[PDB]
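Working notes, structure below.
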Amino acid sequence: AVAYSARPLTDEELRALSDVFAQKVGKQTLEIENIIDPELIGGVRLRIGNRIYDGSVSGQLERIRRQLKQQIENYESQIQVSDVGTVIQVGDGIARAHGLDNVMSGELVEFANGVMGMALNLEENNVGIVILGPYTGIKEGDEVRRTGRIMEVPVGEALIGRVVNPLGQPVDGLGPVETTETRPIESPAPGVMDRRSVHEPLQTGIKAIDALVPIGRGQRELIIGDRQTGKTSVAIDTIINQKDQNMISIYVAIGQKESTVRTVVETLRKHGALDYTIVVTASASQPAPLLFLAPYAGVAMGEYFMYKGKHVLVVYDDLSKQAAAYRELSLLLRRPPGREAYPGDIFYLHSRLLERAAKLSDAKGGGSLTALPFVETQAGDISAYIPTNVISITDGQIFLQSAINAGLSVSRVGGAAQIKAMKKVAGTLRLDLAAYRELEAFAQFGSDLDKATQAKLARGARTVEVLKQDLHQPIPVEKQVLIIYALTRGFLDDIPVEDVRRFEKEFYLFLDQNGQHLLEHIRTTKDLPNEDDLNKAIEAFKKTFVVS
Amino acid sequence: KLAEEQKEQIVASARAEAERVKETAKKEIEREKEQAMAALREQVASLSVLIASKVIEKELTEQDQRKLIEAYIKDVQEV
Amino acid sequence: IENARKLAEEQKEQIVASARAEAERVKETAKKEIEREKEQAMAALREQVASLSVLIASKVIXXXXXXXXXXXXXXXXX
Amino acid sequence: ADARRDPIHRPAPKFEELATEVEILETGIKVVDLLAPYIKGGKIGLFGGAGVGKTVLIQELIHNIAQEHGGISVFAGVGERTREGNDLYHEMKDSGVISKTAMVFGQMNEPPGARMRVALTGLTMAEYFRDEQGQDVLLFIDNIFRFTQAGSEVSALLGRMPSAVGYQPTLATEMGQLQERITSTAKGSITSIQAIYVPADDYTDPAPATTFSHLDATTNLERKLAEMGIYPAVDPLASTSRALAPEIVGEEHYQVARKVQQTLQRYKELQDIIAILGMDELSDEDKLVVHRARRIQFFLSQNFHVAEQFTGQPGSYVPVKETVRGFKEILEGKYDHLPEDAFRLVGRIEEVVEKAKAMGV
Amino acid sequence: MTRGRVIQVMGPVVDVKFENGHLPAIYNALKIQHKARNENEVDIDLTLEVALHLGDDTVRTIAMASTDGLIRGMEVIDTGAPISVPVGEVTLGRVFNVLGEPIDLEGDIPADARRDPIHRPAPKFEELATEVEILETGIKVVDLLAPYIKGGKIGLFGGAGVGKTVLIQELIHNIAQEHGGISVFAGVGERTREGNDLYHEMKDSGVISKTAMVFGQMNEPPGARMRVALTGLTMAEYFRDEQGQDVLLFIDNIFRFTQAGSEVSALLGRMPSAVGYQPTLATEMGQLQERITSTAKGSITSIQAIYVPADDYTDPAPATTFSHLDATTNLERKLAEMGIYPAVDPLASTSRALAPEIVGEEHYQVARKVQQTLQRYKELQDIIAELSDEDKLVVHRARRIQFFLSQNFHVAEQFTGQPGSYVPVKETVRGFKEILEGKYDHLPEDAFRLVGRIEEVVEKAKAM
Ligand SMILES: Nc1ncnc2c1ncn2[C@@H]1O[C@H](COP(=O)(O)OP(=O)(O)O)[C@@H](O)[C@H]1O
Ligand SMILES: [Mg+2]
Ligand SMILES: [Mg+2]
């Protein structure tokens with residue numbers, strides 16, 4: 001009960017104010033200890049308990065707050081009130097404060113410096129705060145005030161084509177982001193009676209994935225491999241290929257290098273993929289609290305579009321760095337570690353996040369959200385703790401070898417998420433790939449009957465040469481299915497294996513020239529065209545081909 | 001034939017890249033203008049704050065004491 | 001074929017360089033114009049800011065007070 | 001609001017009420033019928049790692065059994081994928097097993113407190129039928145490991161000193177308090193089939209090791225067998241049943257199963273020396289052992305009804321006597337000339353003969 | 001006023017009590033300077049770094065030197081800023097410690113110089129370079145098979161007796177002579193004998209006029225060896241930002257940095273992570289390595305020596321440091337035993353810049369062809385020690401290719417006599433392409449030894 005005033009107030013006025021506040025608060029009597037602080041010349045600033053009622057000098061600073069007629073003639077000044085606390089501990093990124101009586105769990109608090117934090121534990125006379133930012137400006141004795149909102153991020157269409165951090169603050173320097181809505185970071189998943197089976201294909205543009213491990217809209221597929229196997233390239237090619245499809249892509253980078261993020265954004269801008277992409281970033285030099293909220297910010301941004309009937313795709317560039325950041329944060333709070341020093345709820349941390357991807361029913365609107373988590377292994381060990389934690393959450397996996405490993409890469413939902421034209425030709429290709437894969441195991445040095453000597457080796461070698469691809473050059477599904485159909489039907493068997501790539505390039509050129517009816521029939525029907533016409537076109541191309 | 005088509009494709013891609021660069025430069029100029037206007041507004045606001053503070057200091061506080069008491073009573077009633 | 005591709009690439013690179021240089025020249029002209037406009041608007045909107053400051057102080061709380069405030073603002077600027 | 005309601009927590013049945021007897025339940029799976037048959041009133045467990053085939057086996061068993069049971073069934077899903085429950089609900093609604101089934105769902109996205117106390121709700125629902133109408137009840141549990149995992153997550157914040165590997169001090173007590181209410185008393189019976197998860201493919205973890213002691217028949221799935229394409233991936237030597245006795249299943253069945261296990265163990269002993277030296281440094285009897293063991297290991301696989309959408313084959317069902325006959329013929333060297341690949345993914349041995357015939361031999 | 005007082009002393013860890021609302025910020029520097037009042041005391045000159053705010057006006061700090069002789073109640077001064085080291089042209093040719101005081105007995109830096117704080121946030125997203133460039137070292141094998149990238153990270157897997165301190169001097173010399181850059185060498189956990197040897201080597205070969213040196217010794221408290229790399233980093237950042245040069249930074253062992261961090265974390269009472277490391281291993285590594293970038297002004301390129309514990313490449317420390325590296329370079333003994341200098345392994349060395357979209361298409365193809373030929377020659381060793389038709393030609397070309405990778409350096413001149421050369425990337429690519437085509441198949445194999453461009457081998461053959 002202390003007042004700051006420009007001049008020493010009359011004792012009668014002090015008594016009247018004290019009685020008024022005693023009646024208002026709920027106390028029989030109240031006494032005010034007025035001060036002689038001269039800086040506040042505008043009026044009186046009261047501090048009772050942990051509540052503050054401002055004076056008039058702050059209004060001038062509030063004038064700067066009202067930077068925004070002529071400001072409605074400086075608009076109007078009102079007695080703003082706030083609930084406050086004081087810091088009693090700070091170190092390693094976790095604070096601890098007194099006060100903050102009526103604070104909620106998960107709320108957002110603001111330090112006097114300008115940084116934000118989460119209210120984590122509400123103890124009997126304490127609040128545990130996690131600092132989302134630089135903690136070297138916070139010292140014991142500082143003041144922290146409430147915001148009255150659970151954690152949330154800004155959402156909208158103004159975020160498209162921008163680079164932001166997990167709190168929605170732009171980092172590309174193009175100016176403020178003008179959104180008008182928010183969504184909580186922690187939100188429930190769709191229920192059992194809100195979903196439906198996946199029945200639409202998501203085209204990556206890569207032949208090996210589109211033919212062997214198909215992905216549907218609303219699925220959760222995992223991409224797993226060692227470092228230096230190039231999964232960022234797969235993500236970038238998949239994002240680039242969605243130019244024509246009505247899809248919104250979101251790219252989340254966790255624990256990466258900011259230079260590589262810069263070059264990835266430059267690659268995206270070249271191919272015109274920033275008209276439908278949002279980038280959320282938290283580099284390796286940022287605090288662990290920020291490295292751990294980024295996937296949740298990304299999914300919160302995606303669900304805004306998903307719950308309107310639109311289709312979204314979200315990429316988490318590394319979940320194995322989110323896990324390490326969470327382990328670091330939880331070990332600083334002195335929680336008993338489990339296997340590999342990971343906490344007990346490291347499975348919950350990922351299962352609560354990947355269960356927000358769904359294919360909604362037609363009563364809910366019909367939207368979707370696809371997810372592509374990344375996990376990085378050590379020496380190709382797929383039976384570690386985190387890899388097995390995430391393998392048991394998703395609907396398949398794609399194992400990259402230090403080149404997809406078809407012995408461990410599978411897709412459950414896919415198969416019904418494929419077009420009929422590719423479903424007709426994928427089976428033969430799978431059998432040929434298996435035939436070569438097992439044959440080469442023993443036939444490295446050994447004579448075989450002509451069957452296993454040619455049909456089991458040359459066909460596999462040709463298909464392995466066909467499955468290769470180049471960077472940032474995705475392929476349409478019609479061309480994909482046509483080349484796979486030719487290979488499975490039997491052409492290329494008299495073409496040298498050193499010329500298949502040029503054969504395919506020239507075949508695409510011939511198609512784009514004089515195969516308009518074939519391509520349009522495929523694009524319109526989602527079924528193979530007439531076999532006689534296809535064979536005639538392939539024979540014409542083979543006749544015009546100059547075999548080397 | 002195919003070589004000339006590839007040359008035309010390269011020319012078209014270069015033209016698209018140049019147009020994107022031109023649009024980026026125009027957007028940069030617009031952003032610079034917006035930032036300059038914002039900075040001018042900020043300087044005007046700071047000068048207004050300083051001059052208003054000086055004027056309010058020069059103003060008589062004899063009635064301002066009663067005004068502050070009345071405003072405090074009103075805020076007590078409101079809260 | 002290779003010679004034609006190289007010629008097309010060289011012409012495309014020359015066109016890109018010319019477009020970038022023209023954009024840089026336009027940027028220099030725009031920067032000069034924006035600086036001149038910033039200075040002129042600084043003077044004009046500084047007079048306007050003094051007037052609006054007198055108005056804001058009056059609103060928070062005639063000609064003679066405005067003149068005194070203008071003199072004080074000039075002294076502060078000096 | 002006026003319907004009768006029962007509390008979730010109650011003590012277990014006493015010693016003077018249980019009933020002990022062994023009858024055999026038929027599933028139509030060769031590796032299960034032969035080497036580890038199921039009991040008609042006990043507890044059955046399916047251990048597995050991540051992505052090895054617990055869910056497919058659960059769905060196949062549901063499809064085969066729940067209709068033949070003709071009684072009541074309860075399905076409780078704790079800590080599993082929500083899309084799996086959505087698929088299962090519609091599959092049951094299409095097949096018609098609903099109107100004699102009750103379902104309870106607490107899944108991956110729920111807080112630990114909900115995942116802890118969901119198995120108890122299905123348990124109460126089944127106990128009502130058993131102890132009030134004298135019926136025979138089936139009980140399926142989607143993953144019983146999540147119950148102890150959620151308990152471990154809670155115990156840390158409750159303020160307890162951690163046990164080995166970070167688990168809770170009260171793992172065995174909670175597991176026993178849950179698992180001792182699933183019994184068959186003098187009134188009715190409760191046949192419970194449970195799927196158990198193995199973290200990091202470690203079978204010596206505290207939770208699988210503790211749960212191993214409550215089971216009458218167990219089924220262990222291994223990733224190495226699944227990597228070779230063998231499906232289901234049941235390990236034929238580490239899966240056990242208390243009903244594999246000469247007086248319960250018969251005398252021919254017992255001898256056939258024992259001989260098959262013996263040949264598989266002998267083949268397992270010779271893996272390292274084959275790996276380093278090769279097959280050329282073995283005696284004739286050892287080569288014969290390998291020749292029959294590869295055929296047996298491939299003939300333990302099968303094609304399932306619920307796996308048709310993956311591969312294409314319609315699916316198969318084999319009674320016990322046919323399985324015993326087929327393995328007896330295999331052990332006798334009757335089919336030693338056919339290629340080893342003709343034995344994969346077939347129902348019976350006549351299908352093996354047909355597949356070899358269509359292969360050009 | 002703003003005076004603290006010592007409360008507790010437990011080895012290298014100290015606690016200081018301050019006044020209300022006057023505590024120093026985290027990472028600040030505090031000074032103790034005491035003169036013996038009586039015969040029962042000693043003189044103290046100590047520096048401490050703030051680590052935690054424990055509450056009740058108490059701050060827990062780590063010490064940069066020995067704490068023997070501290071008495072509870074001695075005054076402590078709060079400087080108001082982190083450790084500040086001198087920067088500019090005054091640091092070229094001198095040797096410093098973690099506090100920025102010279103240790104070469106050549107005088108003191110004047111008190112009116114400019115000093116910069118040790119702790120700083122990384123450069124922002126909008127200030128980085130949008131493209132990828134290539135650093136031309138001038139060494140044939142490095143420039144052809146494992147190219148360097150401006151603003152990149154390189155791991156040197158060398159050792160003792162393979163010629164590492166000669167390669168470092170050659171890099172310093174070449175960069176300074178051709179590009180105009182400056183070099184900084186930071187030795188973390190350095191033996192004093194080896195530091196003395198390196199200093200005398202650099203003074204002999206003359207490069208000392210272009211490089212700054214910082215030493216954090218093996219006999220220093222864990223706090224000192226944890227913050228040595230930051231002093232070299234902030235010495236290089238001045239030349240990067242203020243001038244706009246392309247700067248080189250050498251780190252003598254990045255493993256001792258993590259070990260010192262783990263020791264400090266254990267001293268402060270923290271729960272250890274997997275394999276007993278600090279919980280904040282990745283955060284500390286990232287805070288060090290994210291300041292080594294290429295901005296729009298200049299660039300810092302870092303070469304770091306890495307030791308792999310227990311020969312385990314999946315250990316947490318090498319696994320954490322390998323996710324920042326852009327290239328590697330391995331030195332091997334037997335390549336030195338054949339008289340090949342530098343003894344860089346041409347097949348173990350890798351780089352992510354060897355892609356057709358960065359180095360073009362001719363460079364890429366020539367590099368791959370050289371690698372395949374060398375791999376085949378390596379395969380044929382068992383047979384060799386008339387086998388086939390093309391294998392003789394393969395061996396004939398491969399001997400010349402393997403010998404042409406050697407070079408004469410400007411720092412080996414003082415021992416050999418030859419002037420030493422600097423070979424551009426276009427010239428080395430053209431020479432290797434011509435050798436591959438066979439245009440120089442009619443010369444003795446010894447002519448291809450310790451020369452520069454492809455004309456010098458022809459001249460050597462002509463004169464021999
Ligand atoms: N009986 C089976 N036949 C064929 N494939 C199977 C069988 N069981 C599992 N699979 C393979 O395993 C994958 C599904 O594994 P799943 O059972 O979901 O793992 P989990 O053990 O986590 O339930 C499918 O893609 C399928 O290819
Ligand atoms: Mg990655
Ligand atoms: Mg399961």
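Each chain in the structure tokens gets a letter, A, B, ..., in the order shown, and its residues are numbered from 1; ligands are numbered from 1 in order too.
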
- Task: Show me which residues sit within 10 Å of ligand 2 when counting only C-alpha atoms and all ligand atoms, and put them as a VMD selection string.
- Result: (chain A and resid 223 to 233 235 253 to 256 316 to 321 373 to 376) or (chain E and resid 323)

- Determine, counting only C-alpha atoms, which protein, DNA and RNA residues have an atom within 8 Å of an atom of stretch 242-247 of chain A; residues of the same chain fewer than 2 positions away are not included. Present the result as a PyMOL selection string. chain A and resi 203-204+238-240+249+273+276+310-313

- Task: Report as a list in words the set of chain A residues whose atoms approach chain E to within 6 Å, with distances computed over only C-alpha atoms.
- Result: residues 88, 89, 90, 91, 136, 172, 263, 284, 285, 328, 340 and 341 of chain A

- Could you report the residues within 10 Å of ligand 1, using only C-alpha atoms and all ligand atoms, as a VMD selection string? (chain A and resid 388 391 to 397 408 to 414) or (chain D and resid 46 to 60 80 to 81 84 142 to 143 195 to 198 221 223 226 to 227 229 to 233 301 to 311 345)

- Using only C-alpha atoms, determine which residues lie at most 10 Å from residue B:72, disregarding the query and same-chain residues fewer than 2 positions distant; provide the list as an MDAnalysis selection string. (chainID A and resid 17 43:46 53:55 79) or (chainID B and resid 66:70 74:78)

- Neighbour list for residue C:5 as a VMD selection string, cut-off 9 Å, only C-alpha atoms, skip fewer than 5 positions in-chain: (chain B and resid 3 to 4 6 to 7 10) or (chain C and resid 10)

Could you write out that same residue set with N, CA and C atoms as an mmCIF file, in the first residue's frame?
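What ended up in selection_17.cif:
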```
data_model
loop_
_atom_site.group_PDB
_atom_site.id
_atom_site.type_symbol
_atom_site.label_atom_id
_atom_site.label_comp_id
_atom_site.auth_asym_id
_atom_site.auth_seq_id
_atom_site.Cartn_x
_atom_site.Cartn_y
_atom_site.Cartn_z
ATOM 1 N N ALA B 3 17.733 -28.054 -79.794
ATOM 2 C CA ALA B 3 18.699 -27.096 -79.267
ATOM 3 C C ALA B 3 18.118 -25.687 -79.237
ATOM 4 N N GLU B 4 17.414 -25.292 -80.301
ATOM 5 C CA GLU B 4 16.791 -23.973 -80.323
ATOM 6 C C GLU B 4 15.673 -23.874 -79.293
ATOM 7 N N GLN B 6 15.683 -25.464 -76.413
ATOM 8 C CA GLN B 6 16.387 -25.296 -75.145
ATOM 9 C C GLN B 6 16.903 -23.871 -74.989
ATOM 10 N N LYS B 7 17.376 -23.270 -76.084
ATOM 11 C CA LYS B 7 17.809 -21.877 -76.035
ATOM 12 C C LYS B 7 16.647 -20.953 -75.688
ATOM 13 N N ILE B 10 15.865 -21.348 -72.021
ATOM 14 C CA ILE B 10 16.846 -20.630 -71.211
ATOM 15 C C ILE B 10 16.559 -19.134 -71.231
ATOM 16 N N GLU C 10 25.175 -16.951 -72.625
ATOM 17 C CA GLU C 10 25.882 -15.679 -72.528
ATOM 18 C C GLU C 10 24.930 -14.504 -72.712
#
```

- Task: Using backbone DSSP assignments, extract all helix (DSSP H, G or I) residues from stretch 185-328 of chain A; output them as a ChimeraX atom specification.
- Result: /A:192-194,207-212,231-243,258-270,288-306,319-328

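Put simply, atom CA of residue A:386 is 27.1 Å away from atom CA of residue A:133.
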